[PDB]
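Computed from the coordinates by the stated procedures, all read-outs in this text should not be read as laboratory data. Cβ atoms come from the backbone with ideal geometry, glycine included; neighbour counts cover every protein chain shown.
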Amino acid sequence: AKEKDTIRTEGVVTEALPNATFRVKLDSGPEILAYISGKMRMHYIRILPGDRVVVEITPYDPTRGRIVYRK
Amino acid sequence: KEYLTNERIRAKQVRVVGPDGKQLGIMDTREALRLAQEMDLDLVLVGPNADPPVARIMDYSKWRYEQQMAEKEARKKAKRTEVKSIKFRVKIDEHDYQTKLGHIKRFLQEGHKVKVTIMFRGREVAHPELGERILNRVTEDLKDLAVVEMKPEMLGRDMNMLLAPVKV
Ligand SMILES: [Mg+2]
């Protein structure tokens, strides 16, 4: 089925954490745990604090996200 | 400081200067040496730049020792605290920051000027702001102990600030 409820909202990176997990403050409002894309990791695209990435968000829990796009 | 003495002298006629700052006249090198011997002291060709290139009786060795003693005091106080450098980084976490701050405080107490420096990599966008966030805060914390002499200043791949202490 792939539930396409996936919330494609932008956020500027507040903070860096390990394993490429990042508190990113959103255009939407909150700062929530959002970890990297696999794609980005593969491509070695270094997320650094102060960047407008696209944090994909689950409707089950927005408090965790997933970074999609390169800054 | 390092002068030319008794048997180093080839200046034929020296405008002789006695033990204390005397003016006897223009004596031959040999004559000057003889005079020195008479007092037992050391005749010092202090200047070949002068008028009849000049040699001056003194206890050269002793004088030098004295100078060194005096100079030692000066030389010890010549360095007398320089620059301690600390390299922060754009990310910086809290305990580390605290540690750094403590170090800086210690340095200030000791008496040294402090290069509060940041090394950078890529991503120059948030860079200066981030630096400010650290550095200015740090300065504020040590406002009781330190004075800003250099502000957020660029070196290209870096950034640098300076904190001399408050009281000399
Ligand atoms: Mg979607």
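Here are a few things to note about the model shown:
- Dipole magnitude for the protein assembly as shown: computed about the Cα centre from +1 point charges on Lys and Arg Cβ and -1 point charges on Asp and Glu Cβ, it is near 680 debye.
- Net length gained if the chain between B:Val125 and B:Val83 were fully extended (0.36 nm per residue, minus Cα distance): 12.2 nm
- Charge-dipole axis of chain B as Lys and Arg at +1 and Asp and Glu at -1 on Cβ define it, positive-most pick from B:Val17, B:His95, B:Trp63: B:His95
- Order of B:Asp20, B:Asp28 under a 10 Å beta carbon neighbour criterion, fewest first: B:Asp20, B:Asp28
- With Cα atoms defining each centre, segment B:4-27 and segment A:8-35 are spaced 84 Å apart in the structure.
- Cα coordinate range in segment B:4-73, projected on the principal axes (Å, largest first): 37, 27, 21
- Residues B:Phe88, A:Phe22, sorted so that the one with the fewest Cβ neighbours within 10 Å comes first: B:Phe88, A:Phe22
- In chain B the longest region clear of GluC sites (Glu not before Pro) that are loop-assigned by DSSP and have at most 14 other C-beta atoms within 10 Å covers B:8-81.
- Overall, the ratio between the Cα radius of gyration of chain A and 2.2 N^0.38 Å, rounded to two decimals, is 1.01.
- Straight-line cross-link reach from B:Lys151 at under 21 Å between alpha-carbon atoms covers these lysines, not counting any fewer than eight positions away in the same chain: B:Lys84, B:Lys87, B:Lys91, B:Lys100, B:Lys105, B:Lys113, B:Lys115, B:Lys143, B:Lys167.
- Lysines whose Cα lies under 26 Å from that of B:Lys1, excluding same-chain neighbours fewer than 8 positions away: B:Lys12, B:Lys22, B:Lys62, B:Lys72, B:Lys76, B:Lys77, B:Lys79
- Applying both filters, DSSP loop and at most 16 other Cβ atoms within 10 Å, to the GluC sites (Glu not before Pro) of segment A:2-65 gives A:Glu3.
- Annotation: for a label point projected 7 angstrom from Cα along Cα→Cβ of B:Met150, residues of segment B:92-119 with backbone N closer than 14 Å are B:113-119.
- Dipole magnitude of chain A, debye to nearest 20 (Cβ charges: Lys/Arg +1, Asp/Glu -1, about Cα centre): 340 debye
- For chain B, the longest principal axis of the C-alpha atoms and the axis of helix B:29-39 are separated by about 90°.
- Prolate/oblate/rounded call for the protein assembly as shown, Cα gyration tensor, a/c under 1.5 rounded: prolate
- For segment B:1-139, the fraction of C-alpha pairs farther apart than 23 angstrom is 59 percent.
- The value of relative contact order for segment B:54-145, using C-alpha pairs under 8 Å at least six residues apart, is 30 percent.
- Convex hull (Cα only) mean projected area of segment B:75-165, reported in nm² to one decimal: 6.1 nm²
- Inter-centroid distance (Cα atoms) of segment B:73-118 relative to segment A:53-70, Å: 42 Å
- With at most 16 other Cβ atoms within 10 Å, longest stretch of chain B clear of loop trypsin sites (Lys or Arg not before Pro) (DSSP): B:23-79
- Leading residue at positive end of dipole, segment B:75-165 (Cβ point charges), from B:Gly131, B:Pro165, B:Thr81: B:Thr81
- Computed on chain A, with alpha-carbon pairs under 8 angstrom and 6+ residues apart, the relative contact order is 35 percent.
- Net dipole in debye of segment B:24-83 [+1 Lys, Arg Cβ; -1 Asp, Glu Cβ; about Cα centre; nearest 20]: 520 debye
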